[PDB]
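Participant: Structure provided below as structure tokens; questions to follow.
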Amino acid sequence: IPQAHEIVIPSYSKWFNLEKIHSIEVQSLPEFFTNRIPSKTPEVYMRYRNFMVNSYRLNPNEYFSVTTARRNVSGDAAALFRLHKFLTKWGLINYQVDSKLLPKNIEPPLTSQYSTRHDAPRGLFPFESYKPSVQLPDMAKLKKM
Amino acid sequence: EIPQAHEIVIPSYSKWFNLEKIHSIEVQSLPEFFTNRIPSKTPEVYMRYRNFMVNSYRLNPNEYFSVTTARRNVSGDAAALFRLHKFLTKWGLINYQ
Amino acid sequence: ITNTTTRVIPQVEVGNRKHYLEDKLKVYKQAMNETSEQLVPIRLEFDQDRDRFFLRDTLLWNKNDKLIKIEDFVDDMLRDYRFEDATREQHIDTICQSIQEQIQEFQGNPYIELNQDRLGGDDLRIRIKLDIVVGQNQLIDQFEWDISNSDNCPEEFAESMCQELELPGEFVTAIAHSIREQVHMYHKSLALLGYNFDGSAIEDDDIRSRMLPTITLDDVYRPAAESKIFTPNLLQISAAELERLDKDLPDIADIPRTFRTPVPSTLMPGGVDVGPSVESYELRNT
Amino acid sequence: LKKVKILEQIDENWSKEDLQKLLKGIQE
Amino acid sequence: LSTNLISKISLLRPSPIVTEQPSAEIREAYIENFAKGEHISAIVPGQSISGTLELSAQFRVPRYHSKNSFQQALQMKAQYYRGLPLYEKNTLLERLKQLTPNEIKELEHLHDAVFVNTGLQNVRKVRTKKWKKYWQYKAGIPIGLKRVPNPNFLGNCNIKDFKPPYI
Amino acid sequence: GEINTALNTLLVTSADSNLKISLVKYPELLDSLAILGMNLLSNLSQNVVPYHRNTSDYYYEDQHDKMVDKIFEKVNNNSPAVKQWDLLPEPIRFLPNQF
């Protein structure tokens with residue numbers, strides 16, 4: 001009945017359940033599961049997961065940022081950043097976004113393919129005389145005689 | 001990509017300096033990036049800082065690439081960045097011309 | 001120049017500074033006894049009154065670093081700011097004593113790092129506000145930051161934010177310095193009131209009102225009018241506002257801004273373009 | 001005759017076409 | 001000269017983008033007095049690019065609820081335009097006849113998270129297009145590619161190419 | 001070559017008795033001489049040949065995700081230690097060859 005779109009998950013992340021917590025996430029992100037902090041519960045972690053992934057899936061060619069997250073979900077920013085890195089490593093979010101549209105560092109560009117000359121000191125190279133003769137010697141007189 | 005718009009000269013004893021490669025003199029001169037004691041000083045961090053400083057000098061070689069701009073543009077403590085910048089300018093390679 | 005009358009020239013300097021000669025034994029004596037780092041946020045503010053320089057630069061510094069003499073680093077910094085050689089009646093000693101005081105007050109990451117480390121930390125989420133001016137742009141943004149977690153990396157979050165906003169790079173080293181500043185000025189106010197950092201029992205009135213309440217199931221989405229504060233705004237300001245900003249127990253209510261005097265650098269965003277040019281000219285005219 | 005078979009130096013880093021282009025380039 | 005030899009003879013031998021202070025005399029007078037430690041009359045910012053990243057004076061969190069559609073629900077116990085594709089009239093209406101006001105607060109924030117992500121993506125693209133022209137301008141390249149030259153000029157080195165003796 | 005042409009240009013100047021080599025103006029030349037003489041004494045008693053080795057001569061040319069990268073070696077097919085070294089080697093005694 002409702003509209004549907006196309007989503008592409010890589011093959012090694014098929015284990016992801018939108019309504020269940022996987023065993024990978026309890027050994028990757030152990031801060032939500034100590035059952036001692038009341039602000040990091042295993043039921044409020046699903047409210048982060050189903051707000052990151054289920055908002056990225058509505059338009060998969062837009063890079064899901066992290067400033068779009070902590071504007072809304074009102075959690076700790078470092079926990080949302082770690083969860084945003086965890087969901088990007090397994091390719092759940094930010095997968096069908098085209099490369100070169102991903103955010104890149106503002107840095108001076110690469111000077112790797114530059115040609116450099118060298119200041120060599122005075123006595124490094126020897127004095128060279130006797131220009132070598134590239135031309136082959138001719139033996140016409142020897143074979144003529 | 002930016003085309004080469006300047007003449008670049010490093011001294012002959014700095015022939016070993018090659019990007020994307022870490023020479024033995026860089027290990028024996030700055031050992032704190034290669035003894036795995038602090039997780040914020042890895043050789044990837046060292047390669048990032050060194051490539052940043054060398055790429056940033058070679059855009060305008062007539063300018064003295066100060067320590068303070070390198071400190072203001074990459075995130076790290078001032079002591080290690082100062083030591084890496086003084087090691088780099090010790091071997092030519094930056095502020096040579 | 002080598003083609004000369006055979007003198008001995010020891011260490012022809014680049015610019016006006018002698019080359020830094022290392023020790024190479026204290027470097028190995030320090031790099032092998034290298035347990036922790038303990039970065040220190042350092043703030044430098046000076047005015048035209050009571051001082052002559054302005055020098056609004058902010059930097060991190062390793063507290064466990066015993067290699068670099070601090071007066072040598074300050075003397076290198078003043079030469080990098082193109083101060084002329086009368087730079088001792090506008091003392092390097094004043095800046096050196098300010099930096100010497102600011103690393104002595106740094107009590108370190110407390111028992112959240114020293115004695116115990118609960119994996120995941122505590123509920124101590126603080127309201128970080130920042131206000132950064134670079135060139136004619138002003139970044140104003142607030143968020144929440146768990147001060148009770150040891151594996152919270154400020155630099156890895158600052159690079160993440162400047163990745164999304166495409167910020168030049170002064171914001172990379174200003175956001176992380178602001179995090180390191182405000183987290184330390186909350187940790188110091190906690191440690192001076194005897195907090196006993198393992199059992200929480202916060203028990204105060206100025207703090208426990210700055211701390212944020214526990215996120216419930218319902219409060220996992222913030223209200224819409226409350227959302228418009230927690231969003232990064234990069235405002236543009238003109239010359240009048242830029243001139244207005246040019247003049248105007250730790251106090252956790254006075255959160256300072258990060259204006260910086262520009263370094264005399266050609267390429268880098270955030271610095272004035274004085275000095276040697278991009279083109280290589282000399283202009284001998286007739 | 002005892003001819004020098006120069007194109008039998010085809011060790012895996014180089015190849016016969018590489019040696020041929022090398023000789024033709026040095027002659028060029 | 002014979003064509004049996006002519007084919008073999010050549011065979012055997014083949015032979016408004018920056019925001020600095022554009023006056024190049026106030027920047028120098030600023031540093032000439034800055035080394036003394038004095039302010040000046042005019043202002044000088046650091047160099048940058050133009051453009052403002054202005055959020056929250058832009059796309060807001062939408063208002064899908066009424067003025068009392070939550071407290072009354074509390075009493076009764078209850079292709080793309082910007083980032084979302086335009087739905088048909090009949091298909092979306094039965095979809096919004098399915099949902100509950102426990103999920104309206106979810107839907108508002110989901111659509112705001114789409115809007116802010118698109119409004120950051122396009123500005124990020126424009127910002128990369130500006131920085132790629134900043135770095136070319138600050139390095140002597142013009143765009144999009146009696147003077148006396150210094151030794152750090154492209155082609156005016158002092159280290160002349162020494163030739164080998166066989167050449 | 002950079003070592004030998006430095007050594008010869010030091011030997012000509014130091015024996016000249018008109019050109020002074022003062023270490024007040026530069027005290028790190030002597031440390032380079034002494035560390036070079038240390039490292040040449042080291043590989044002479046062990047008969048190691050420097051300056052023309054067939055080794056690569058280059059070192060390692062190339063968080064909360066290190067456990068994720070550990071199990072990434074599990075669900076794709078579906079902590080390094082510290083180092084210790086010194087600046088200078090053994091004086092030449094306390095070597096197994098030297099008794």
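Only the coordinates and a few stated rules stand behind these numbers; no lab work does. Neighbour counts run over all protein chains shown; Cβ positions are idealised from the backbone, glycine included.
Participant: So for C:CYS162, C:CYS153, C:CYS96, fewest C-beta neighbours within 10 Å to most, what's the order? Show your work: numbers first, answer last.
Facilitator: On the way: C:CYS162 24, C:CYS153 20, C:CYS96 17.
Ranking C:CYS162, C:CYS153, C:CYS96 by Cβ neighbours within 10 Å, fewest first, gives C:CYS96, C:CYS153, C:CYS162.
Participant: Less than 11 Å Cβ to Cβ from E:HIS65, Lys/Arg counted +1 and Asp/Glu -1: what total charge do the surrounding residues give? List each step's numbers first, then the result.
Facilitator: Working: positive: E:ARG63, E:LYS67, E:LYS105; negative: E:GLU108.
Surrounding charge for E:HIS65 is +2.
Participant: If each residue's Cβ is checked for other Cβ atoms within 10 Å, how do F:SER56, C:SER189 rank with the fewest at the top?
Facilitator: Working: F:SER56 9, C:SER189 18.
Ascending number of Cβ neighbours within 10 Å: F:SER56, C:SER189.
Participant: Provide A:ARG36, C:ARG180 in ascending order of the number of other Cβ atoms located within 10 Å of each residue's Cβ, fewest first. All intermediate terms of the calculation are to be shown ahead of the outcome.
Facilitator: Values: A:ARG36 10, C:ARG180 19.
With the sparsest Cβ surroundings first, the list reads A:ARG36, C:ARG180.
Participant: Let me ask something else about it. Can you give me the Cα centroid spacing of the range F:1-25 and the range F:54-71 in angstrom?
Facilitator: Result: 43 Å between the Cα centres.
Participant: Further, regarding this structure: Per residue of the range A:10-24, in order, report the coupling 6.51 cos²θ - 1.76 cosθ + 1.60 (Karplus, θ = phi - 60°) as ³J(HN,Hα) in whole Hz, putting x for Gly and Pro.
Facilitator: Per residue, the Karplus-derived 3J(HN,Hα) values read x, 5, 7, 10, 6, 6, 5, 10, 6, 10, 10, 8, 7, 6, 5 Hz.
Participant: I would also like to ask the following. For the range C:191-286, go through all pairs of different Cα atoms, get the mean of 1/r, take its inverse, and jot down that Kirkwood value in Å.
Facilitator: Working: mean 1/r = 0.0496 Å⁻¹.
In the range C:191-286 this quantity evaluates to 20.2 Å.
Participant: Same structure, new question: Need one number: the % of Cα-Cα pairs in the protein assembly as shown sitting beyond the 36 Å mark.
Facilitator: Working: 196023 of 337431 pairs.
Considering the protein assembly as shown, 58 percent of its Cα-Cα pairs are separated by more than 36 Å.
Participant: Hey, got the dipole for the protein assembly as shown? About the Cα centre, +1 on K and R Cβ, -1 on D and E Cβ, debye to the nearest 20? Intermediate values should be presented prior to the final figure.
Facilitator: On the way: 102 positive and 106 negative charges, 732 e Å.
That gives the protein assembly as shown a dipole magnitude of about 3520 debye.
Participant: If amide hydrogens are placed 1.01 Å from N in the peptide plane, which non-local residues have theirs closer than 5 Å to the one on C:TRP61?
Facilitator: Here B:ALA78, C:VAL40 satisfy the definition.
Participant: What is the range A:1-43 by shape, rounded, prolate or oblate, if you read a ≥ b ≥ c off the alpha carbon gyration tensor as root eigenvalues and call it rounded for a/c under 1.5, prolate for a/b larger than b/c, and oblate otherwise? Show your work: numbers first, answer last.
Facilitator: Numbers: a/c = 3.92, a/b = 1.88, b/c = 2.08.
Oblate, because a/c is 1.5 or more while a/b does not exceed b/c.
Participant: At a Cα cut-off below 17 Å, give the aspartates and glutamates reachable from D:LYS24, other chains included and same-chain residues fewer than 8 away excluded.
Facilitator: D:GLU8
Participant: Only four residue types carry charge here, +1 at the Cβ of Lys and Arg and -1 at the Cβ of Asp and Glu. Report the dipole size of chain B about the Cα centre in Debye, rounded to the nearest 20.
Facilitator: Details: 12 positive and 8 negative charges, 57 e Å.
The calculated dipole for chain B is roughly 280 debye.
Participant: Right, next: Rounded to the nearest 10 degrees, what's the angle between the helix A:45-56 long axis and the longest principal axis of chain A, both from Cα atoms, 0 to 90?
Facilitator: Taking Cα atoms only, the helix is inclined about 60 degrees.
Participant: Let me ask something else. GluC sites (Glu not before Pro) within the range C:67-106: which are DSSP loop residues with at most 15 other Cβ atoms inside 10 Å?
Facilitator: Numbers: sites: C:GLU71, C:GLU84, C:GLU89, C:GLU101, C:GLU105; in loops: C:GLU84, C:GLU89, C:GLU105.
Hits after loop and neighbour filter: C:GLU84, C:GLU89, C:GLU105.
Participant: Among C:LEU119, C:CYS96, C:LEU130, whose Cα projects farthest towards the positive end of the dipole of the range C:83-131, with charges put on the beta-carbon of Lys, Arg (+1) and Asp, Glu (-1)?
Facilitator: Value computed over the given set: C:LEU119.
Participant: Can you work out the Karplus-derived ³J(HN,Hα) for every residue in the range E:26-34? Use 6.51 cos²θ - 1.76 cosθ + 1.60 with θ = phi - 60°, whole Hz, and x for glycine or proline.
Facilitator: 8, 5, 6, 5, 5, 7, 5, 8, 6
Participant: Right, here's the next one. Return the equivalent ellipsoid semi-axes of the range A:28-125 as a descending list in whole Å, where each equals the square root of 5 times an eigenvalue of the C-alpha gyration tensor. Intermediate results must be reported in sequence, preceding the final value.
Facilitator: On the way: eigenvalues 394, 74, 24 Å².
Values for the range A:28-125, descending: 44, 19, 11 Å.
Participant: How big is the charge dipole of chain C about its Cα centre, in debye rounded to the nearest 20, if each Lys and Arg gets +1 on its Cβ and each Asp and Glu gets -1 on its Cβ? Please report the intermediate quantities before stating the final value.
Facilitator: On the way: 31 positive and 55 negative charges, 175 e Å.
It comes to approximately 840 debye.
Participant: While we're on this one: Leaving out same-chain residues fewer than 8 places away, which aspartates and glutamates sit with a Cα under 12 Å from that of C:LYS29?
Facilitator: Hits, sequence-local ones excluded: B:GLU32, C:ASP65, F:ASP86.
Participant: Related question: Among all the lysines, which ones have a C-alpha under 22 Å from F:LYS74's C-alpha, if same-chain residues fewer than 8 places away are not counted?
Facilitator: A:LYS14, A:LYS20, A:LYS85, A:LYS89, F:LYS66
Participant: Please tell me the relative contact order of chain B in percent, rounded to the nearest whole number, where contacts are Cα pairs under 8 Å and at least six residues apart.
Facilitator: Numbers: 71 pairs, mean separation 34.4, N = 97.
Relative contact order here is 35 percent.
Participant: Which one, B:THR42, B:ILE94, B:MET53, is farthest towards the positive end of the dipole of chain B when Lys and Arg carry +1 and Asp and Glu -1 on their Cβ?
Facilitator: B:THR42
Participant: Which is farthest toward the positive dipole end of chain C among C:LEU190, C:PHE73, C:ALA239, measuring Cα position about the Cα centre, with Cβ charges +1 (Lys, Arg) and -1 (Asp, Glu)?
Facilitator: Looking along the dipole axis, the top candidate is C:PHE73.
Participant: Compute the distance from the alpha-carbon center of the range A:1-37 to that of the range C:43-103, in whole Å.
Facilitator: 51
Participant: What does the helix-only formula give at 222 nm for the protein assembly as shown: each DSSP H stretch with n ≥ 4 adding -39500 (n - 2.57), the total divided by the residues, and the result rounded to the nearest 500 deg cm²/dmol? Display every interim value, and only then the final one.
Facilitator: Numbers: 24 runs with 260 residues, N = 822.
Helix contribution divided over all residues of the protein assembly as shown: -9500 deg cm²/dmol.
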